[PDB]
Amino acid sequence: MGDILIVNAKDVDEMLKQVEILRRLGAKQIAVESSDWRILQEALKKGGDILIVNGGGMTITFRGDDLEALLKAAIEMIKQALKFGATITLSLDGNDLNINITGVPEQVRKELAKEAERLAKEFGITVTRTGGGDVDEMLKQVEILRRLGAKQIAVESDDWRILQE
């Protein structure tokens, strides 16, 4: 119970179902959090009171057809990231193994980014990471939500010291 109920969903249909359950129970302030801009745009059109943007950390994505190679490189990334005190968030989306690193300064996210490149070609997979270009993309997608008529938008980050830059 609380003043604001936040639905965290990576599936757009499951997001709608939980918003309907909370709205039918009388919840006045339902928020929807997702790293998927389409889920946030769908929550705006279907009943979301607040839209929460996930703009924290750095996401490393290993891609490959051999699952015993994506995990092999992900485990070494986890072991080294935990040794720096980072928080690691993993999900497997098709052939994409997404790894989000939070809780470490920008100097350590680059160390892990350079190790991810070394782990990619060492196991024959591909690596991609997020950068400053995603910040510009974030402000643009936020303005697309404002122009679609979003009244309350929240932006979440683990490090507002670098994000202000």
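From 1 onward, residues are counted along the sequence shown.
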item	value
Higher-scoring stretch by recorded Cα B factor average, 51-59 or 114-122	114-122
156-164 or 4-12, whichever carries the higher mean Cα B-factor	156-164
Identity of residue with top Cα B-factor, from 137, 36, 65, 42	65
Position of residue 26 among the chain's modelled residues by C-alpha B-factor, lowest, middle or highest third	lowest
Residue 127, C-alpha B-factor rank within chain (lowest, middle or highest third)	highest
For residue 69, the third of its chain into which the C-alpha B factor falls	highest
Among modelled residues of the same chain, the CA temperature factor third for residue 97	middle
Position of residue 104 among the chain's modelled residues by C-alpha B-factor, lowest, middle or highest third	middle
